[PDB]
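Scroll down for the structure; my scribbles are underneath it.
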Amino acid sequence: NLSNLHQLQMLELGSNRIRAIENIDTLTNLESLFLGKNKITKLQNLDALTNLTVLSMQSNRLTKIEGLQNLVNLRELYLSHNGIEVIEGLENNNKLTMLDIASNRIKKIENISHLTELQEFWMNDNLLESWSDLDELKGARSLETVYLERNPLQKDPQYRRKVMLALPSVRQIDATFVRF
Amino acid sequence: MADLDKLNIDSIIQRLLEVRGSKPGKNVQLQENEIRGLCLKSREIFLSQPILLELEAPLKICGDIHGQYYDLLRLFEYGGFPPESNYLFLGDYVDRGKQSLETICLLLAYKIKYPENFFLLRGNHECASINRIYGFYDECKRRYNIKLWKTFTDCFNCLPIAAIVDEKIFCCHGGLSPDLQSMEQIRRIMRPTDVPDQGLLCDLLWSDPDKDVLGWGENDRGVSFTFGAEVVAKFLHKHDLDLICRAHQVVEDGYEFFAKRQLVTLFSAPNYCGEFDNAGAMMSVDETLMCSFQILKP
Amino acid sequence: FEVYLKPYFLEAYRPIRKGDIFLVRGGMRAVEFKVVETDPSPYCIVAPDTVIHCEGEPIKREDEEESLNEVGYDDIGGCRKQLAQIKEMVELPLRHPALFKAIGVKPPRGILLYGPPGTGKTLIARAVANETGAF
Amino acid sequence: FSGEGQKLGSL
């Protein structure tokens with residue numbers, strides 16, 4: 001009983017014992033999307049959301065998540081534990097002030113140096129994959145929240161201080177906010 | 001705690017008292033920088049104490065509040081509100097609903113104002129993970145953002161584990177365990193920590209006091225090792241222990257004395273999930289290690 | 001110390017040798033705290049996790065002068081051959097003990113220093129001891 | 001002078 005609605009703004013009917021989704025992308029009048037905690041092993045449809053300015057798909061068991069590049073614009077987009085190897089829509093929806101990688105398998109970030117608008121560049125529980133994403137993030141200066149995060153290069157306490165000194169433009173540094 | 005932190009603590013205490021005797025569901029929110037500082041101070045203070053705490057007799061130890069603001073307020077009104085009385089929850093202090101946050105904030109404020117009059121523990125229902133306890137992680141995700149949720153998770157992981165009442169009664173969440181050997185490795189296990197699926201702390205938080213086993217076996221969580229009567233007896237004989245607290249279960253009588261009044265299964269869970277009309281109770285520990293069954297509403 | 005150089009050591013990655021004194025600008029002054037000891041090796045990364053044991057022992061400037069009272073080539077000029085012989089009998093003996101082993105012969109354990117003493121002779125011994133790391 | 005005997009300057 002979650003097919004469609006005319007005047008709807010908030011919807012949350014997840015955490016069901018049965019992984020059944022019926023018409024999850026039927027309406028087109030929504031502005032904020034919260035598709036996280038999906039019990040289905042894959043997402044139903046995400047390319048139809050072209051007018052939503054907020055995307056939340058955190059802690060979702062939907063391993064297959066496609067259609068992220070079909071959105072014209074999205075101010076917020078959360079892709080934590082989305083099961084997607086790469087983040088789509090970075091070039092299309094480049095007006096996002098927040099970005100979630102959540103231990104992204106990608107070595108570098110998809111156009112982070114040219115992304116001078118994302119103030120929340122979070123990559124939680126990173127290995128890390130590579131330092132190219134770090135260099136791309138350090139190239140910009142309009143970021144506030146930056147998460148590396150919990151990578152293998154943090155063993156030396158001097159490395160943390162050097163990283164903090166190198167990136168003063170980020171208002172917050174993962175857990176402990178950067179003094180800036 | 002700090003001037004802003006102490007002012008917020010007093011405001012939260014007043015709000016809880018004004019919400020005392022009424023329906024549950026209090027939240028007790030705060031500012032951004034003030035809440036960050038309060039969380040940092042609480043994490044530092046909780047990590048400062050060892051995993052094995054010691055209770056200050058006399059005290060009014062409650063059962064499993066199950067994250068109920070009304071139940072916690074009733075316990076404060078009857079058993080003694082903080083810091084006028086020492087409170088020590090056995091476990092399952094947070095659960096489904098929007099009322100565990102108020103109880104956690106009140107406990108943290110009481111510990112900041114008086115650490116010798118505030119204590120709480122977690123069980124199968126108050127675990128740090130949404131797999132066993134989603135009454136905190138999902139609630140924070142729905143209400144608040146992810147940074148505050150991460151800060152709260154870190155502060156909770158930076159908390160103690162067990163407590164003892166004059167080395168007489170063990171304030172455990174559930175039953176005994178076959179993996180727990182002595183207190184040397186317990187005090188050595190500092191922050192961070194969490195309730196596992198199997199082991200010793202896992203059996204304490206998820207499993208309950210078992211009698212169908214002797215040394216070890218399966219538990220109600222399905223992975224925990226609910227140590228039987230023989231294991232609990234051997235642990236008590238080796239460690240000179242006499243009583244162990246049990247919670248995280250739907251108790252029809254609230255406080256059940258097991259192992260011949262050696263496992264006071266005090267549970268403060270009133271009307272668990274509505275259908276299971278579990279009774280509420282508390283363990284009134286006097287100054288002379290006198291454990292009394294302070295039953296409450298169901 | 002805790003109220004002046006609080007962040008100077010807390011999560012500050014301070015890998016200073018055990019025995020160093022650094023002046024810290026605290027309380028409208030420059031308070032120097034000498035590293036009394038370290039449970040870890042000399043160069044230990046002083047972080048907030050590092051438990052900096054601290055007592056109320058104030059270090060007098062006499063030890064500061066004594067440490068500043070090092071011994072080198074300040075009144076010795078031209079004794080290059082003797083200094084080189086001593087260093088070879090010590091440094092080359094130590095820094096290149098394998099060189100002696102391959103040479104198949106030990107150096108001279110008994111070396112005599114003739115001359116007008118105290119003209120730098122006592123100074124020579126002091127310079128040796130300051131340079132020498134052995135007992 | 002003592003090591004790990006006084007309460008230290010906690011941060």
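Backbone-built Cβ (ideal geometry, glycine too); neighbour counts: all protein chains shown. Read the figures in this text as sums done on the coordinates, not as results from a lab.
Which one of these is surrounded by 18 or more Cβ atoms within 10 Å (Cβ to Cβ) and farther than 21 Å from A:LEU8 by Cα: A:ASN70, A:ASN60?
A:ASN60
Quick check on segment B:109-129. Is at least one of its residues within 14 Å of another protein chain (Cβ to nearest Cβ) and either surrounded by fewer than 21 Cβ atoms within 10 Å (Cβ to Cβ) or touching a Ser or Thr at 6+ places or on another chain (Cβ under 9 Å) (or both)?
Yes, segment B:109-129 contains a residue that is within 14 Å of another protein chain (Cβ to nearest Cβ) and either surrounded by fewer than 21 Cβ atoms within 10 Å (Cβ to Cβ) or touching a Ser or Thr at 6+ places or on another chain (Cβ under 9 Å) (or both).
If we keep just the residues of segment C:1-22 that are within 19 Å of the chain's Cα centre (by Cα) and either assigned to a strand (DSSP E or B) or free of Cβ contacts under 8 Å to residues at least 12 places away in the same chain (or both), which is nearest to the other protein chains (Cβ to nearest Cβ)?
For segment C:1-22, the residue satisfying everything is C:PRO15.
For segment B:41-94, which residues satisfy the criterion of being within 14 Å of chain D (Cβ to nearest Cβ) and free of Cβ contacts under 8 Å to residues at least 40 places away in the same chain?
Once the filter is applied, which keeps residues that are within 14 Å of chain D (Cβ to nearest Cβ) and free of Cβ contacts under 8 Å to residues at least 40 places away in the same chain, segment B:41-94 yields only B:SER48.
Taking the options A:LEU143, A:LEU128, A:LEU96, A:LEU90, name whichever one is under 17 Å from A:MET57 (Cβ atoms), assigned to a loop (DSSP other than H, G, I, E, B) and touching a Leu at 6+ places or on another chain (Cβ under 7 Å).
A:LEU96 is the lone residue from the list that is under 17 Å from A:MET57 (Cβ atoms), assigned to a loop (DSSP other than H, G, I, E, B) and touching a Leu at 6+ places or on another chain (Cβ under 7 Å).
For residues in segment A:139-173 being in contact with a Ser or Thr (Cβ under 8 Å, 6 or more places away or on another chain) and of a type in the set (D, E, K, R), which is farthest from the other protein chains (Cβ to nearest Cβ)?
A:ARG141
Which number in (1) at the interface with chain D (Cβ under 10 Å from one of its Cβ atoms); (2) free of Cβ contacts under 8 Å to residues at least 40 places away in the same chain; (3) within 25 Å of A:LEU165 (Cβ to Cβ) marks the one condition that C:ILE45 misses?
(1)
Please go through segment B:30-65 and give me each residue that is among the small types (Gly, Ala, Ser) and either touching a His at 6+ places or on another chain (Cβ under 7 Å) or part of a helix (DSSP H, G or I) (or both), ordered by number.
Of everything in segment B:30-65, those that are among the small types (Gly, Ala, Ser) and either touching a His at 6+ places or on another chain (Cβ under 7 Å) or part of a helix (DSSP H, G or I) (or both) turn out to be B:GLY37, B:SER42, B:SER48.
Count, please, the residues in segment A:146-167 that happen to be surrounded by 13 or more Cβ atoms within 10 Å (Cβ to Cβ) and assigned to a loop (DSSP other than H, G, I, E, B).
Residues in segment A:146-167 being surrounded by 13 or more Cβ atoms within 10 Å (Cβ to Cβ) and assigned to a loop (DSSP other than H, G, I, E, B): 5 in total.
Within segment B:255-287, track down each residue that is without any contact (Cβ under 8 Å) to a residue 40 or more places away in the chain and of a type in the set (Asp, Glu).
Once the filter is applied, which keeps residues that are without any contact (Cβ under 8 Å) to a residue 40 or more places away in the chain and of a type in the set (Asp, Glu), segment B:255-287 yields B:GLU256, B:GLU275, B:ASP277.
Of (1) under 16 Å from the mean Cα position of the chain (by Cα); (2) more than 14 Å from every other protein chain (Cβ to nearest Cβ); (3) in a helix (DSSP H, G or I); (4) not small (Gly, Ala, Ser), C:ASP63 satisfies all except one. Which?
All conditions pass for C:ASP63, except number (2).
Being surrounded by 10 or more Cβ atoms within 10 Å (Cβ to Cβ), part of a helix (DSSP H, G or I) and of a type in the set (A, V, I, L, M) is the filter here; which residues of segment C:92-135 pass it?
Listed by number, the residues that qualify are C:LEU92, C:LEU94, C:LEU99, C:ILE103, C:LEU123, C:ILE124, C:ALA125, C:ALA127, C:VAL128, C:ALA129.
Going through segment C:48-60 one residue at a time, which ones are among the acidic types (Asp, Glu) and either at the interface with another protein chain (Cβ under 7 Å from one of its Cβ atoms) or in contact with a strand residue (DSSP E or B) (Cβ under 9 Å, 6 or more places away or on another chain) (or both)?
Of everything in segment C:48-60, those that are among the acidic types (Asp, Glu) and either at the interface with another protein chain (Cβ under 7 Å from one of its Cβ atoms) or in contact with a strand residue (DSSP E or B) (Cβ under 9 Å, 6 or more places away or on another chain) (or both) turn out to be C:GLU55, C:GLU57.
Out of segment A:15-44, which residues are surrounded by 15 or more Cβ atoms within 10 Å (Cβ to Cβ) and within 20 Å of A:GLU76 (Cβ to Cβ)?
A:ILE24, A:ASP25, A:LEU27, A:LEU30, A:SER32, A:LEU33, A:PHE34, A:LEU35, A:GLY36, A:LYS37, A:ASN38, A:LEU43 - these are the residues of segment A:15-44 that are surrounded by 15 or more Cβ atoms within 10 Å (Cβ to Cβ) and within 20 Å of A:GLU76 (Cβ to Cβ).
I'd like to verify a number: residues in segment C:66-85 that are more than 30 Å from C:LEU23 (Cα to Cα) and assigned to a helix (DSSP H, G or I), how many?
6
Just one of B:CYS273, B:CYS291 is among the hydrophobic types (A, V, I, L, M, F, W, C) and more than 24 Å from B:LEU176 (Cα to Cα); which is it?
Being among the hydrophobic types (A, V, I, L, M, F, W, C) and more than 24 Å from B:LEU176 (Cα to Cα) holds for just one of B:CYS273, B:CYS291, which is B:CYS273.
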